[PDB]
Each structure stands twice: as structure tokens, then as C-alpha cells.
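Consider the single chain below, provided in C-alpha cells and representing the form deposited in one PDB entry.
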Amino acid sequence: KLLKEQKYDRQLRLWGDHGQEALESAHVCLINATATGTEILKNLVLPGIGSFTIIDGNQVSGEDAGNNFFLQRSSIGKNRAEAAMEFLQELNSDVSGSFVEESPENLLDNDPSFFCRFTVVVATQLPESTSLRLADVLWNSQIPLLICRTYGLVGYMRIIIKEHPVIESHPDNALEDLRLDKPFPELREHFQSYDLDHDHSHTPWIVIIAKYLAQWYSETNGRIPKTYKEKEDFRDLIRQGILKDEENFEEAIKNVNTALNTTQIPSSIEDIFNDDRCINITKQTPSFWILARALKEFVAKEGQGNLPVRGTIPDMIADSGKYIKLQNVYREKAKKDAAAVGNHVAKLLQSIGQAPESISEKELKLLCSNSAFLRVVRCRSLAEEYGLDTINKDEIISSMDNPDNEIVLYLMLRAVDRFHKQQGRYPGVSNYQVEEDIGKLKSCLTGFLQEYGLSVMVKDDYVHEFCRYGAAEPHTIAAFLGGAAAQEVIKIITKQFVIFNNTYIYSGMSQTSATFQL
């Protein structure tokens, strides 16, 4: 119990108690106990994923056993799924494992709704047809899907979630919500309760720029420094006050390059606001959008063109009483600003017909403090990516202006798949084939480029390389993918960070990666 807390400590410092809950309640589905799939599962089972299930029709082969850290020599001959599951199981006794000795195709064929029991489905080393089919089935069931394939030194990763909205986007950096440009009642009363002459270096750097900006606002008829030249001057205006060498005074002098303009509803929040899912609410509108509306309504009424106050301020070299009392100035607007957003939610849930307390207060508070960091990611279904009429040519062609842009590796993968659809085998698996196939692969590429009318130059260098690969699954590449992939699953499950948009390509041969929107 409080034994787990000791084991998962380095991560709770990342997604917290609540993140750990979503995780410990999730049930992941892995499509193949290949090295790539096994690596991904390894990274989910360790942090605590509630339970998992492995679907795998294949038998463990010699090479299967040579590049898997979760399959042994004895495993050869046995069902790849069941075998892998036995060692993964040993990684964390708090995780419950399961396996289905059936094939994806076999399942998609009989029980088509087996996958509805899963939080997220991760499919690996899957042939084109199987992907398209599963992609379709899962898309119409509203089930997240992550397609990962290792080929030579190439990493392919395709996420497919119709809509994935998030409150805790965990931004690395972000301007503070100080409110100097648009100070609120309680805040101003504070700034006035002080005196710039009657503590020389114990006054918050904020109360400084405040009273020295309140001054300039009278020596030019309340105008805010906007031109750099103007800001530079406002700097020296505070310089002339350091009755002497002061740290905070000389500190406020750098805060000027920010503390002036911090208030401004961001683009991202704007688009959410103007999104139809926000403007048009019904009883199907997920809580995410109802809160995005309450924020909208807020900004209109109590908000005054602005989002609720964050409620937090940075560290500023100052007194141990001036700082804390200054902090409640915000900790209070925040609470009151949130209570208002909490009203808009109440009313809102009513014009719909849902119970007034269908959205907890914990949610609300988390919502308000993160209001500026909302993110909504929507991924084009796979079927659209593969469509003749819907392909995203522009994206492809544009990237191709660089003969070495990762996208070639994607195009090449489609060629290799067309090739597999044709020969019933991948390009150059045996050593004597590498020769002859270099040609057959080139024809397949050029044939794929036509069906879609993509007039791009693919170096002949890349057509060789992919035959050298012989559809190999180099553990270290698999291991990289396994790493990247699992954290995105963690994201979907916790709804705590921002998932890459469409496709992530990895070149282990140049050690570079890119994300596209196919």
C-alpha cells in the first residue's frame, strides 16, 4: 500500500496521486509480443498500468527469441503471446496480465467488439491490411489506437484518437499571470497600502514596478510603455530610486521585459472557445467542453475579457510577510474567480438537464489554474490518411523539398507494404534476394507514388537501404520506439500531457525524428 508509494515515487513527482490512479485503473491491449510490442509493454507494466492483455497468434521463432528480452530459448515453439506475458508479469506483481492465443485478423473477424473493453489499444508490426481494418473498427467504437512498427532503423508511430482534450497540459514555461496591466480591486488596494518612500530591498519586486508604473501613468496621462525605447526609459525610472545598491530594485528592472504585458487570452484558448463543440452544447457534450464553455461565459461576464486568475506568483526576493500577504491577494481572486466559473457550470449543466454536481470541485479548481493551458488534439482517422481523395499531399510534397526529410522513410514504408501486398513477402529478407528485389521495390514505390499522384524525387539511395533491412526488428530501434510509445499511452490514460499529432517518424540511422499530420 504505502509500499507502492515508495516504489512509484520518482513518477508521482510527475503525474501525481491522481495520475497514478488513472494508470492503475487502465487496461492496455498489446497486439504483438514482438520486440517492439514487448518493449512498450515493459514501460507501462513498470510504472503500474492496472492490467494488460496480449493478443498474438504467432509461435516464438528462433529470431523471435534472439531480440526479445522477454522471450527465452525455451520459449521457441510456444505461443509468442503467452510466453512474453510470463516474463513481463515478473516486472511488477501489482500488474495483472492476460493473453489471447488468437490472431488480430482472427478476432476482428469473429468477436469484433472484444476491443471495447480496453482503455487504449497498442498494435505492433502489423501488415497494412490488418491496420486498415482494425483502425476502422476501433475508430467506430471510440477507442484510442496506437500503431507502432519497427523496420530496419526506421521508427513508425501512428496515434489515432478522434478527440483528446486536456486540462493539465504541463507547460515547461509560461508568462506569469501577474495582472499589472489590468490590476483587480483587491490587488490595487494592496499596492496602495504601501509607500515608495516610507524595506528598501524587502518589498516584493512586484509592489515595486506597481508603484513606479502607477507614477509613470500620471507623467504621460496613463500610458503603458510599449515601444522598446519607452520600456528602456521606464527601466531607468526605477533605477532612480535605489537609495544608494539593492537586489530587488535591480531585479524589477529586468521584470520589465515581461511584467508589463502578461494578460492576453491565448490563441489556443480562443480556438477552443470558438470551436463548435463549445458553442453548441447538448447532453452528449463531455464535461471537457462544458467547462470550456463556463470559462467562455466567464470571460464574458465576471471575467471581463479575461480568464480566471491563476492564483499564483513566482519567487521574488522580499520579506516573509509582504510576500505571503501579497500571495493571498491572488490566492483569493483565484478562489473567487473560480467560484464564478463554478456558477456558469452549474447553470450550464441545467440548461442541458444533467445533475448540478456532475462536475466535482477538484475538477473546477484544476480547470481554473490551467485555463490558459488547455489543449485539444484531434487526429485524422487512418482511413482518411489512406484515401485517394483525402491524402494530405501538400504535407508530403512540402517535406520532400528535402531529399532526406523523414517523410521519405514513410513513403518507403508504404512502398514496402505495397510490395508485401504484392509478393506476399517483404523486400530482401533472405540474403540472396536483396539483389533482385532492389528493382521490384523501386517499381512498387513508383507505383504507389502514382496511385496518389505524388510528383516527388525519392533518392535511389533509400530504395537500397530498405532492402538491406530485410524487414529486421533491431532491438535498439524497437527499444527507442517502445520508450516513446509508452509515454504517449501514459498520456492518453492520464490525460496529462500533450500527445504528438499524427505520425512520428524515427531514423535511427541519422538519429533524427519528425512529426507529420497525415
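Basically, rigid core = biggest C-alpha set you can superpose within 1.5 Å across the two forms. Residues carry their position along the shown sequence, with the first being 1.
Below, we refer to the form deposited in another entry, which is not included among the displayed structures.
The residue among 78, 393, 239, 378 whose Cα moves by 2 angstroms or more between the shown form and the other one, once the core is superposed, is 239.
Residue 98: CA moves less than 2 Å between the shown form and the other one after rigid-core fitting. With the core superposed, residue 225 shows a C-alpha displacement of at least 2 Å between the shown form and the other one. Core-superposed comparison between the shown form and the other one: the Cα of residue 139 travels less than 2 Å.
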